[PDB]
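The structure appears below as structure tokens.
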Amino acid sequence: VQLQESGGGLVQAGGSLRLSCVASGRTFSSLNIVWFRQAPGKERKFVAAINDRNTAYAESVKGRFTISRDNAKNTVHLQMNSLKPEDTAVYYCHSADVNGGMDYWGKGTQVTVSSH
Amino acid sequence: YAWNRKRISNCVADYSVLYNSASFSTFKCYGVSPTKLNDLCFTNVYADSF
Amino acid sequence: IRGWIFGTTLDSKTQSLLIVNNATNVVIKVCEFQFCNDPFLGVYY
Amino acid sequence: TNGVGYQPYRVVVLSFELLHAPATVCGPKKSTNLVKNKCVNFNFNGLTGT
Amino acid sequence: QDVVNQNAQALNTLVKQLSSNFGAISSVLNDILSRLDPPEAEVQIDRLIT
Ligand SMILES: *[C@@H]1O[C@H](CO)[C@@H](O)[C@H](O)[C@H]1NC(C)=O
């Protein structure tokens with residue numbers, strides 16, 4: 001019925017984060033996830049999507065991530081590796097069902113990363 | 001690309017309130033006329049909101 | 001014969017039309033069923 | 001901030017089929033008493049005629 | 001018998017030609033008129049007439 005996105009804490013460059021998009025639903029395995037990226041005040045963009053059989057990343061996160069599925073929980077999760085200070089964005093996650101087109105858009109999580 | 005298709009059936013549909021309310025910038029009907037909608041009983045109606 | 005099963009995947013991924021025959025109810029629950037390999041109904045003898 | 005012409009428009013399409021099934025979506029057209037043996041302008045579910 | 005059958009076939013074809021759209025939305029004049037306003041139903045009536 002809805003999606004909530006929680007996480008996106010304060011970490012260091014090169015660290016690992018664990019962001020989960022738990023969905024209020026009962027067939028979210030069919031509702032494949034898409035991750036979207038928005039810069040702090042600049043134009044939006046996508047990140048990744050585990051559309052069941054295979055995956056698809058973006059140019060900024062090409063292969064650097066380990067996208068994961070939680071089909072037994074109907075939840076999605078993204079693994080963040082080789083994080084950079086230039087990826088300071090607000091990641092999203094969305095899924096649209098096959099039947100009766102509809103959106104379960106979330107809220108967003110900060111991707112603030114320090115540089116030194 | 002995820003247009004919401006809703007099933008409308010087994011109810012009385014009053015299209016006059018939609019037609020007379022000029023809040024819409026484009027109320028176009030192709031196979032019928034908007035003024036005559038209040039005299040036809042329809043087999044099945046689809047609503048596609050997006 | 002007690003009914004028929006319909007669908008496209010029959011593994012709870014997609015919708016599945018289902019029909020059962022009974023003396024009282026003929027429920028046609030259109031749900032997402034994680035169907036078994038051998039859906040069968042047993043009657044004592 | 002963008003000018004008129006790019007702003008979001010809420011679009012709803014009322015697709016429907018006529019005469020091809022038992023009609024379930026009737027207009028707010030009040031029923032009248034039935035008459036027999038006289039040439040009349042009948043209107044059954046949209047099947048108008050004389 | 002051939003004379004009778006020729007006349008019957010001619011009348012049957014002439015009657016069955018009343019069920020052809022000729023490009024109109026419907027092959028029934030009453031439903032065309034009851035569904036569309038006159039200004040746009042003009043062309044459908046014209047196709048049926050032709
Ligand atoms: C029909 O179903 C009811 C319960 O849904 C059951 O009590 C009844 O025995 C069934 N009729 C049969 C098995 O003939």
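Identifiers for the structure tokens are assigned positionally: chains receive A, B, ... in sequence, residues are indexed from 1 per chain, and ligands are indexed from 1 in the order shown.
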**OP:** Residues within 7 Å of ligand 1, counting only C-alpha atoms and all ligand atoms: report them as number ranges by chain.
**Re:** C: 22-25
With N, CA, C and O atoms retained, could you export that selection as a PDB file, in the first residue's frame?
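Everything below was put into part.pdb:
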ATOM      1  N   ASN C  22     -18.744 -27.073  -5.432  1.00  0.00           N
ATOM      2  CA  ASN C  22     -19.208 -27.457  -4.107  1.00  0.00           C
ATOM      3  C   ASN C  22     -20.720 -27.292  -4.069  1.00  0.00           C
ATOM      4  O   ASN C  22     -21.303 -26.576  -4.886  1.00  0.00           O
ATOM      5  N   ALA C  23     -21.350 -27.968  -3.106  1.00  0.00           N
ATOM      6  CA  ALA C  23     -22.803 -27.912  -3.002  1.00  0.00           C
ATOM      7  C   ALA C  23     -23.306 -26.564  -2.502  1.00  0.00           C
ATOM      8  O   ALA C  23     -24.488 -26.254  -2.683  1.00  0.00           O
ATOM      9  N   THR C  24     -22.446 -25.758  -1.882  1.00  0.00           N
ATOM     10  CA  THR C  24     -22.861 -24.477  -1.321  1.00  0.00           C
ATOM     11  C   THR C  24     -22.164 -23.291  -1.967  1.00  0.00           C
ATOM     12  O   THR C  24     -22.837 -22.359  -2.423  1.00  0.00           O
ATOM     13  N   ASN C  25     -20.835 -23.294  -2.026  1.00  0.00           N
ATOM     14  CA  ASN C  25     -20.072 -22.153  -2.513  1.00  0.00           C
ATOM     15  C   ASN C  25     -19.215 -22.547  -3.711  1.00  0.00           C
ATOM     16  O   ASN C  25     -18.672 -23.652  -3.775  1.00  0.00           O
TER      17      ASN C  25
END
**OP:** Excluding stretch 38-44 of chain D and residues on its chain fewer than 3 positions from it, collect all residues at most 12 Å away from it, counting only C-alpha atoms, and give them as a ChimeraX atom specification.
**Re:** /B:39-42 /D:19,22-23,26,29-35,47-50 /E:30-31,34
Can you spit out the residues from that selection as a short mmCIF file (atom, residue, chain, number, x, y, z; two decimals), in the first residue's frame, using N, CA and C atoms?
data_model
loop_
_atom_site.label_atom_id
_atom_site.label_comp_id
_atom_site.auth_asym_id
_atom_site.auth_seq_id
_atom_site.Cartn_x
_atom_site.Cartn_y
_atom_site.Cartn_z
N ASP B 39 -27.74 10.26 -21.37
CA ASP B 39 -28.86 9.52 -21.92
C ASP B 39 -28.48 8.12 -22.38
N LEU B 40 -27.22 7.71 -22.22
CA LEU B 40 -26.73 6.42 -22.67
C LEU B 40 -26.37 5.56 -21.48
N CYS B 41 -26.73 4.28 -21.54
CA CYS B 41 -26.34 3.31 -20.53
C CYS B 41 -25.24 2.43 -21.12
N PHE B 42 -24.09 2.41 -20.47
CA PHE B 42 -22.87 1.84 -21.04
C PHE B 42 -22.64 0.43 -20.52
N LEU D 19 -23.13 -1.23 -26.35
CA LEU D 19 -24.05 -2.21 -26.94
C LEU D 19 -23.47 -3.62 -27.02
N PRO D 22 -24.19 -6.64 -21.37
CA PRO D 22 -25.24 -6.11 -20.49
C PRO D 22 -24.81 -4.80 -19.85
N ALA D 23 -25.58 -3.75 -20.11
CA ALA D 23 -25.20 -2.42 -19.67
C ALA D 23 -25.31 -2.30 -18.15
N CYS D 26 -25.49 3.26 -16.26
CA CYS D 26 -26.61 4.01 -16.81
C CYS D 26 -26.51 5.48 -16.41
N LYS D 29 -31.06 9.14 -16.11
CA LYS D 29 -32.27 9.36 -16.89
C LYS D 29 -33.40 8.56 -16.25
N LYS D 30 -34.42 9.27 -15.77
CA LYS D 30 -35.44 8.65 -14.94
C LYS D 30 -36.30 7.70 -15.75
N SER D 31 -36.61 6.54 -15.17
CA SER D 31 -37.48 5.58 -15.82
C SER D 31 -38.92 6.09 -15.84
N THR D 32 -39.68 5.64 -16.84
CA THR D 32 -41.09 5.96 -16.98
C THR D 32 -41.91 4.69 -16.95
N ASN D 33 -43.23 4.86 -16.93
CA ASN D 33 -44.12 3.71 -16.96
C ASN D 33 -44.10 3.05 -18.33
N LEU D 34 -44.45 1.77 -18.36
CA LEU D 34 -44.44 1.00 -19.60
C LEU D 34 -45.81 1.07 -20.26
N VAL D 35 -45.80 1.08 -21.59
CA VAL D 35 -47.02 1.16 -22.39
C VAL D 35 -46.96 0.09 -23.48
N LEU D 47 -31.33 1.51 -26.58
CA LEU D 47 -31.93 1.03 -27.83
C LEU D 47 -33.18 1.85 -28.14
N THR D 48 -32.95 3.09 -28.56
CA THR D 48 -34.04 3.98 -28.90
C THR D 48 -34.63 3.60 -30.26
N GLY D 49 -35.86 4.04 -30.49
CA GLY D 49 -36.53 3.75 -31.73
C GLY D 49 -38.01 4.05 -31.63
N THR D 50 -38.74 3.63 -32.65
CA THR D 50 -40.18 3.82 -32.73
C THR D 50 -40.85 2.49 -33.04
N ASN E 30 -30.56 5.49 -35.79
CA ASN E 30 -31.09 5.94 -34.51
C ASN E 30 -29.99 6.06 -33.46
N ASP E 31 -29.11 5.06 -33.39
CA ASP E 31 -28.04 5.12 -32.39
C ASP E 31 -27.00 6.17 -32.76
N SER E 34 -28.65 9.40 -31.64
CA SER E 34 -28.78 9.48 -30.19
C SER E 34 -27.43 9.55 -29.49
#
Write out as a tab-separated table the residues of chain C that have any atom within 12 Å of an atom of chain A, one row each with the nearest atom pair and its distance in Å to one decimal, counting only C-alpha atoms, sorted by chain and then rising number.
residue	atom	partner	partner_atom	distance
C:9	CA	A:30	CA	11.7
C:11	CA	A:30	CA	11.0
C:12	CA	A:27	CA	7.8
C:13	CA	A:30	CA	5.8
C:14	CA	A:30	CA	7.7
C:15	CA	A:99	CA	8.9
C:31	CA	A:27	CA	10.9
C:32	CA	A:27	CA	8.1
C:33	CA	A:27	CA	10.6
C:34	CA	A:27	CA	11.0
Subject >> Residues of chain E within 10 Å of chain B, counting only C-alpha atoms, as a list in words >> reply: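 So the contacting residues turn out to be residues 25, 31, 32, 33, 34, 35, 36, 37, 38, 40 and 41 of chain E.
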**OP:** Using only C-alpha atoms, find which residues of chain B lie within 6 Å of chain A and jot them down as JSON, numbers by chain.
**Re:** {"B": [2, 3, 4, 5]}
Restricting the output to N, CA and C atoms, write the selected residues as a PDB file, in the first residue's frame.
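That gives us result.pdb:
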ATOM      1  N   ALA B   2       2.701   4.013 -15.898  1.00  0.00           N
ATOM      2  CA  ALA B   2       1.959   3.227 -14.925  1.00  0.00           C
ATOM      3  C   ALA B   2       0.556   3.799 -14.782  1.00  0.00           C
ATOM      4  N   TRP B   3      -0.100   4.062 -15.912  1.00  0.00           N
ATOM      5  CA  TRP B   3      -1.417   4.684 -15.890  1.00  0.00           C
ATOM      6  C   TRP B   3      -2.404   3.830 -15.106  1.00  0.00           C
ATOM      7  N   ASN B   4      -3.156   4.480 -14.222  1.00  0.00           N
ATOM      8  CA  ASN B   4      -4.054   3.790 -13.303  1.00  0.00           C
ATOM      9  C   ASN B   4      -5.353   3.464 -14.026  1.00  0.00           C
ATOM     10  N   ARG B   5      -5.605   2.177 -14.246  1.00  0.00           N
ATOM     11  CA  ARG B   5      -6.823   1.715 -14.899  1.00  0.00           C
ATOM     12  C   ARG B   5      -7.783   1.226 -13.820  1.00  0.00           C
TER      13      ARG B   5
END
Subject >> Distance filter 7 Å, only C-alpha atoms, chain D against chain B, as a list in words >> reply: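 Listed by rising number, the hits are residues 10, 11, 12, 13, 14, 15, 16, 17, 18, 19, 20, 21, 22, 23, 24, 25, 26, 27, 28, 29, 45 and 46 of chain D.
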Write the residues of the preceding selection, restricted to N, CA, C and O atoms, as a short mmCIF file (atom, residue, chain, number, x, y, z; two decimals), in the first residue's frame.
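Written out: again.cif:
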data_model
loop_
_atom_site.label_atom_id
_atom_site.label_comp_id
_atom_site.auth_asym_id
_atom_site.auth_seq_id
_atom_site.Cartn_x
_atom_site.Cartn_y
_atom_site.Cartn_z
N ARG D 10 -3.24 16.77 -15.23
CA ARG D 10 -3.87 15.53 -14.79
C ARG D 10 -4.81 15.05 -15.89
O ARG D 10 -5.81 15.71 -16.19
N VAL D 11 -4.50 13.90 -16.47
CA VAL D 11 -5.24 13.37 -17.62
C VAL D 11 -5.99 12.12 -17.18
O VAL D 11 -5.40 11.21 -16.59
N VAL D 12 -7.29 12.09 -17.46
CA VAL D 12 -8.13 10.92 -17.20
C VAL D 12 -8.92 10.62 -18.47
O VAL D 12 -9.51 11.53 -19.07
N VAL D 13 -8.92 9.36 -18.88
CA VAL D 13 -9.55 8.92 -20.12
C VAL D 13 -10.66 7.95 -19.77
O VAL D 13 -10.42 6.92 -19.13
N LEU D 14 -11.89 8.27 -20.19
CA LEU D 14 -13.06 7.44 -19.89
C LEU D 14 -13.35 6.54 -21.09
O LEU D 14 -14.27 6.76 -21.87
N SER D 15 -12.53 5.50 -21.23
CA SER D 15 -12.77 4.50 -22.26
C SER D 15 -13.98 3.65 -21.90
O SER D 15 -14.17 3.26 -20.75
N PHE D 16 -14.81 3.37 -22.90
CA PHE D 16 -15.99 2.54 -22.69
C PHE D 16 -16.45 1.94 -24.01
O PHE D 16 -16.17 2.47 -25.09
N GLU D 17 -17.17 0.82 -23.91
CA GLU D 17 -17.72 0.11 -25.05
C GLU D 17 -19.24 0.14 -24.97
O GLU D 17 -19.83 0.10 -23.88
N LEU D 18 -19.88 0.20 -26.14
CA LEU D 18 -21.32 0.38 -26.24
C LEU D 18 -21.98 -0.83 -26.89
O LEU D 18 -21.45 -1.39 -27.86
N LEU D 19 -23.13 -1.23 -26.35
CA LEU D 19 -24.05 -2.21 -26.94
C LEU D 19 -23.47 -3.62 -27.02
O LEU D 19 -24.12 -4.51 -27.57
N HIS D 20 -22.27 -3.85 -26.48
CA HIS D 20 -21.59 -5.12 -26.65
C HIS D 20 -21.63 -6.00 -25.40
O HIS D 20 -20.90 -7.00 -25.34
N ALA D 21 -22.46 -5.67 -24.43
CA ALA D 21 -22.54 -6.41 -23.18
C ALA D 21 -23.77 -5.92 -22.41
O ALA D 21 -24.36 -4.90 -22.78
N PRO D 22 -24.19 -6.64 -21.37
CA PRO D 22 -25.24 -6.11 -20.49
C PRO D 22 -24.81 -4.80 -19.85
O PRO D 22 -23.80 -4.74 -19.14
N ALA D 23 -25.58 -3.75 -20.11
CA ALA D 23 -25.20 -2.42 -19.67
C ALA D 23 -25.31 -2.30 -18.15
O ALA D 23 -26.33 -2.66 -17.56
N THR D 24 -24.25 -1.78 -17.53
CA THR D 24 -24.21 -1.58 -16.09
C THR D 24 -23.98 -0.14 -15.67
O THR D 24 -24.17 0.17 -14.49
N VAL D 25 -23.59 0.74 -16.58
CA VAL D 25 -23.33 2.14 -16.28
C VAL D 25 -24.41 2.95 -16.98
O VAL D 25 -24.27 3.31 -18.15
N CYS D 26 -25.49 3.26 -16.26
CA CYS D 26 -26.61 4.01 -16.81
C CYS D 26 -26.51 5.48 -16.41
O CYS D 26 -25.99 5.83 -15.35
N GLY D 27 -27.02 6.35 -17.29
CA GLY D 27 -27.10 7.76 -16.99
C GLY D 27 -28.25 8.07 -16.06
O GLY D 27 -29.17 7.26 -15.84
N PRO D 28 -28.21 9.27 -15.48
CA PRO D 28 -29.28 9.70 -14.56
C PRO D 28 -30.57 10.07 -15.29
O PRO D 28 -31.12 11.16 -15.13
N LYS D 29 -31.06 9.14 -16.11
CA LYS D 29 -32.27 9.36 -16.89
C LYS D 29 -33.40 8.56 -16.25
O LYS D 29 -33.35 7.33 -16.20
N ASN D 45 -32.32 0.98 -22.36
CA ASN D 45 -30.88 0.92 -22.13
C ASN D 45 -30.07 1.63 -23.21
O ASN D 45 -28.86 1.46 -23.30
N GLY D 46 -30.73 2.44 -24.05
CA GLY D 46 -30.10 3.09 -25.17
C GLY D 46 -30.63 2.65 -26.52
O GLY D 46 -30.41 3.34 -27.52
#
Original post:
So what do you get for atom CA of residue C:5 versus atom CA of residue C:19, distance-wise?
Top reply: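 Interatomic distance, atom CA of residue C:5 to atom CA of residue C:19: 6.3 Å.
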Subject >> Residues flagged helix (DSSP H, G or I) by DSSP in chain E, as a PyMOL selection string >> reply: chain E and resi 2-19+29-35+38-49
**OP:** Give the strand (DSSP E or B) residues of chain D, as DSSP finds them on the backbone, and put them as an MDAnalysis selection string.
**Re:** chainID D and resid 12:17 25:26 43:44 47:48
Dump N, CA, C and O atoms for the selected residues as a short mmCIF file (atom, residue, chain, number, x, y, z; two decimals), in the first residue's frame?
data_model
loop_
_atom_site.label_atom_id
_atom_site.label_comp_id
_atom_site.auth_asym_id
_atom_site.auth_seq_id
_atom_site.Cartn_x
_atom_site.Cartn_y
_atom_site.Cartn_z
N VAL D 12 -7.29 12.09 -17.46
CA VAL D 12 -8.13 10.92 -17.20
C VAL D 12 -8.92 10.62 -18.47
O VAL D 12 -9.51 11.53 -19.07
N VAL D 13 -8.92 9.36 -18.88
CA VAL D 13 -9.55 8.92 -20.12
C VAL D 13 -10.66 7.95 -19.77
O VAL D 13 -10.42 6.92 -19.13
N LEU D 14 -11.89 8.27 -20.19
CA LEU D 14 -13.06 7.44 -19.89
C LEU D 14 -13.35 6.54 -21.09
O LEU D 14 -14.27 6.76 -21.87
N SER D 15 -12.53 5.50 -21.23
CA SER D 15 -12.77 4.50 -22.26
C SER D 15 -13.98 3.65 -21.90
O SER D 15 -14.17 3.26 -20.75
N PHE D 16 -14.81 3.37 -22.90
CA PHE D 16 -15.99 2.54 -22.69
C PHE D 16 -16.45 1.94 -24.01
O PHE D 16 -16.17 2.47 -25.09
N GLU D 17 -17.17 0.82 -23.91
CA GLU D 17 -17.72 0.11 -25.05
C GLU D 17 -19.24 0.14 -24.97
O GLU D 17 -19.83 0.10 -23.88
N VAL D 25 -23.59 0.74 -16.58
CA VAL D 25 -23.33 2.14 -16.28
C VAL D 25 -24.41 2.95 -16.98
O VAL D 25 -24.27 3.31 -18.15
N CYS D 26 -25.49 3.26 -16.26
CA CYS D 26 -26.61 4.01 -16.81
C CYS D 26 -26.51 5.48 -16.41
O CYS D 26 -25.99 5.83 -15.35
N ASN D 43 -37.13 3.62 -25.24
CA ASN D 43 -35.70 3.77 -25.00
C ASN D 43 -35.33 2.75 -23.92
O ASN D 43 -35.45 3.03 -22.73
N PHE D 44 -34.87 1.58 -24.36
CA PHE D 44 -34.44 0.51 -23.45
C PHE D 44 -32.92 0.48 -23.45
O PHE D 44 -32.29 0.03 -24.41
N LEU D 47 -31.33 1.51 -26.58
CA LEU D 47 -31.93 1.03 -27.83
C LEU D 47 -33.18 1.85 -28.14
O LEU D 47 -34.32 1.40 -28.00
N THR D 48 -32.95 3.09 -28.56
CA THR D 48 -34.04 3.98 -28.90
C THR D 48 -34.63 3.60 -30.26
O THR D 48 -33.99 2.94 -31.08
#
**OP:** Find the spatial neighbours of residue E:17, counting only C-alpha atoms, within a cut-off of 12 Å - ignore same-chain residues fewer than 6 positions away - and output them as a ChimeraX atom specification.
**Re:** /E:10-11,27-28,48-50
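Interatomic distance, atom CA of residue A:114 to atom CA of residue A:9: 11.8 Å.
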